[PDB]
Visitor: 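Take this structure, written in structure tokens, and hold onto it; I'll ask about it next.
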Amino acid sequence: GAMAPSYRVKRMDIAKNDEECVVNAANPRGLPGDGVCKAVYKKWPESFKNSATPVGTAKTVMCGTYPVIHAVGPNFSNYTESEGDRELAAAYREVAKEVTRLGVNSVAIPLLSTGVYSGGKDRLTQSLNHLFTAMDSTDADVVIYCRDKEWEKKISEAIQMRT
Ligand SMILES: CNc1cnc2ccccc2n1
Ligand SMILES: [Cl-]
Ligand SMILES: [Cl-]
Ligand SMILES: [Cl-]
């Protein structure tokens with residue numbers, strides 16, 4: 001475990017992370033995709049061997065010894081708000097299980113279902129709160145990755161609010 005488990009936020013490419021493993025915002029079919037997923041495919045293409053997994057699940061595939069946790073959030077274009085919220089919570093619970101199983105001291109995570117799976121809504125708070133519910137019982141250092149300058153400020157404020 002980390003000596004003093006923390007949350008941090010960085011505004012940069014998750015493919016340049018400084019953590020012991022990465023969470024991919026994957027599609028259910030293990031396809032290269034777009035957004036975070038395309039960056040992950042360019043950096044760790046070997047990790048997409050048999051990476052297909054259902055919505056609300058996570059599947060880890062090694063790239064060398066570096067673990068890529070493929071986590072499949074719901075596309076809110078297809079799910080109801082209610083069923084989508086359940087699947088988004090479940091995907092992050094499966095990420096916490098994988099992070100624990102791997103024995104890593106740190107993990108790079110993106111906010112699931114906030115990009116092309118958001119159904120055109122702002123889901124920063126919804127996705128971040130489900131990340132916290134899952135990851136609070138783990139002792140890995142968590143580093144959240146984002147692209148937008150206003151999202152960086154809001155995520156940082158939410159981390160700081162809990163202290
Ligand atoms: C287009 N490439 C990327 C790479 N890393 C990201 C991390 C968080 C959100 C979006 C991101 N996009
Ligand atoms: Cl960058
Ligand atoms: Cl997304
Ligand atoms: Cl963002």
Side-chain angles (χ1 to χ4, degrees), residues 1-28 33-37 39-40 53-60 67-163:
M3 274 313 103
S6 66
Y7 289 107
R8 297 168 57 231
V9 61
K10 300 205 295 183
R11 185 181 83 92
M12 57 183 282
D13 188 351
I14 204 172
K16 304 172 176 189
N17 79 77
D18 193 28
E19 288 70 59
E20 290 185 356
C21 70
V22 69
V23 175
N24 184 28
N27 58 69
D34 255 345
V36 260
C37 185
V40 168
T53 196
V55 172
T57 76
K59 184 164 200 195
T60 302
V68 176
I69 304 169
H70 300 272
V72 183
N75 178 2
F76 280 95
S77 289
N78 297 333
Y79 286 90
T80 66
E81 289 293 338
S82 169
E83 196 73 1
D85 182 75
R86 189 185 61 71
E87 289 297 5
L88 178 56
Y92 280 114
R93 290 191 303 272
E94 297 303 303
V95 165
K97 292 180 196 177
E98 286 296 281
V99 167
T100 299
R101 184 185 62 77
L102 288 167
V104 294
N105 292 342
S106 64
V107 53
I109 317 181
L111 292 186
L112 303 178
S113 297
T114 62
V116 299
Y117 279 13
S118 68
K121 289 187 187 172
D122 173 346
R123 296 186 186 273
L124 189 170
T125 297
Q126 175 181 24
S127 188
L128 183 60
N129 279 344
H130 287 321
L131 185 163
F132 287 151
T133 299
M135 300 307 291
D136 277 352
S137 63
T138 71
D139 61 5
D141 284 339
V142 172
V143 181
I144 301 165
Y145 286 75
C146 69
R147 203 210 174 96
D148 184 272
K149 291 188 161 178
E150 294 310 304
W151 281 43
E152 184 187 9
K153 287 179 191 159
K154 284 184 274 192
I155 297 164
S156 183
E157 286 164 347
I159 292 166
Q160 291 329 125
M161 280 302 309
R162 333 170 84 206
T163 284

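Just so you know, residue 1 is the first one in the sequence shown, and it goes up from there.
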Visitor: Over all heavy atoms of both residues, which pair between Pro67 and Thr60 is shortest? Give the atoms and the distance, please.
Guide: CB-CG2, 3.9 Å

Visitor: Using 0.5 Å steps for rounding, measure from the CZ atom of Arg147 to the CG atom of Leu111.
Guide: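 CG of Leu111 is found 15.0 Å from CZ of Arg147.
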
Visitor: Do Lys121 and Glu81 come within less than 4.5 Å of each other through their side chains, counting heavy atoms only?
Guide: yes

Visitor: Can you find a pair of side-chain heavy atoms, one from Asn17 and one from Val143, that are under 4.5 Å apart?
Guide: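 Side chain of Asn17 against side chain of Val143, heavy atoms only: no contact under 4.5 Å found.
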
Visitor: Would you indicate whether the side-chain heavy atoms of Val116 and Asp34 approach each other to under 4.5 Å?
Guide: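 No - every pair of side-chain heavy atoms lies 4.5 Å or more apart.
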
Visitor: Nearest heavy-atom pair of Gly119 and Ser77: which atoms, and what distance?
Guide: CA-OG, 3.7 Å

Visitor: Between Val107 and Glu19, is there a side-chain heavy-atom distance shorter than 4.5 Å?
Guide: no

Visitor: So how far is it from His70 NE2 to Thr53 OG1, rounded to the nearest 0.5 Å?
Guide: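 Taking NE2 in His70 and OG1 in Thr53, the distance rounds to 9.5 Å.
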
Visitor: Check the pair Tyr92, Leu112 against side chain to side chain contact (heavy atoms under 4.5 Å, CB included), reporting the backbone distance first and the verdict last.
Guide: CA-CA 8 Å; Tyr92 280 114; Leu112 303 178; 3.8 Å; yes

Visitor: Would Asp148 and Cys146 count as a side chain to side chain contact (heavy atoms under 4.5 Å, CB included) if you check the C-alpha gap in whole Å, the side-chain angles of each, and the deciding distance to 0.1 Å?
Guide: CA-CA 6 Å; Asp148 184 272; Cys146 69; 6.0 Å; no

Visitor: Would you say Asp141's side chain and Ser6's backbone share a donor-acceptor pair under 3.5 angstrom?
Guide: yes

Visitor: So, the side chain of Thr114 versus the backbone of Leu124: is there a donor-acceptor pair under 3.5 Å, distance only?
Guide: no

Visitor: Evaluate the criterion salt bridge (charged side-chain N to carboxylate O under 4.0 Å, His left out) for residue pair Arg101 and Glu94; output intermediate values, then yes/no.
Guide: CA-CA 11 Å; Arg101 184 185 62 77; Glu94 297 303 303; over 6 Å; no

Visitor: Would you give the length of the straight line joining atom CG of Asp139 to atom CE of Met3, rounded to the nearest 0.5 angstrom?
Guide: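 Reported value, rounded in 0.5 Å steps: 8.5 Å.
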
Visitor: Drop me the distance from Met161's CE to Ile159's CD1, to the nearest 0.5 angstrom.
Guide: 12.5 Å

Visitor: How many angstroms lie between atom OG1 of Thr57 and atom NZ of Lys97, to the nearest 0.5 angstrom?
Guide: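 Output value for this atom pair is 10.5 Å.
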
Visitor: Could you tell me which non-hydrogen atom of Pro5 sits nearest to which non-hydrogen atom of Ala140, and how far apart they are?
Guide: CB-O, 4.4 Å

Visitor: For the side chain to side chain contact (heavy atoms under 4.5 Å, CB included) test, which of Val99, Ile109, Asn24 pairs with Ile69?
Guide: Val99

Visitor: Would you compute the distance between atom CD of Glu87 and atom CG of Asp85 and round it to the nearest 0.5 angstrom?
Guide: 10.0 Å

Visitor: So with a 6.0 Å cut-off around CG of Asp122, is the heavy-atom count from everything else above 12?
Guide: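 Yes, the 6.0 Å shell around CG holds more than 12 heavy atoms from other groups.
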
Visitor: After noting the C-alpha distance and the side-chain angles of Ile144 and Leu128, does the key distance pass the side chain to side chain contact (heavy atoms under 4.5 Å, CB included) rule?
Guide: CA-CA 9 Å; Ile144 301 165; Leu128 183 60; 3.6 Å; yes

Visitor: If we count only N and O atoms by modelled type, under 3.5 Å, do the side chains of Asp136 and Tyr7 hold a donor and an acceptor together?
Guide: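 Looking only at side-chain atoms, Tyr7 and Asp136 do form a donor-acceptor pair, the distance falling under 3.5 Å.
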
Visitor: Side-chain contact test, heavy atoms from C-beta onward, threshold under 4.5 Å: evaluate it for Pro54 versus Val72 and give yes or no.
Guide: no

Visitor: In sequence, state the C-alpha distance, the side-chain angles, and the governing distance for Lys149 and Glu152, and then conclude on salt bridge (charged side-chain N to carboxylate O under 4.0 Å, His left out).
Guide: CA-CA 5 Å; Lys149 291 188 161 178; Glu152 184 187 9; over 6 Å; no

Visitor: Please walk me through it: do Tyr79 and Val55 pass side chain to side chain contact (heavy atoms under 4.5 Å, CB included)?
Guide: CA-CA 11 Å; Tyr79 286 90; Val55 172; 3.4 Å; yes

Visitor: Under a 4.0 Å N-O cut-off, is there an ion pair linking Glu157 with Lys154?
Guide: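 The answer is no: the pair does not qualify as a salt bridge.
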
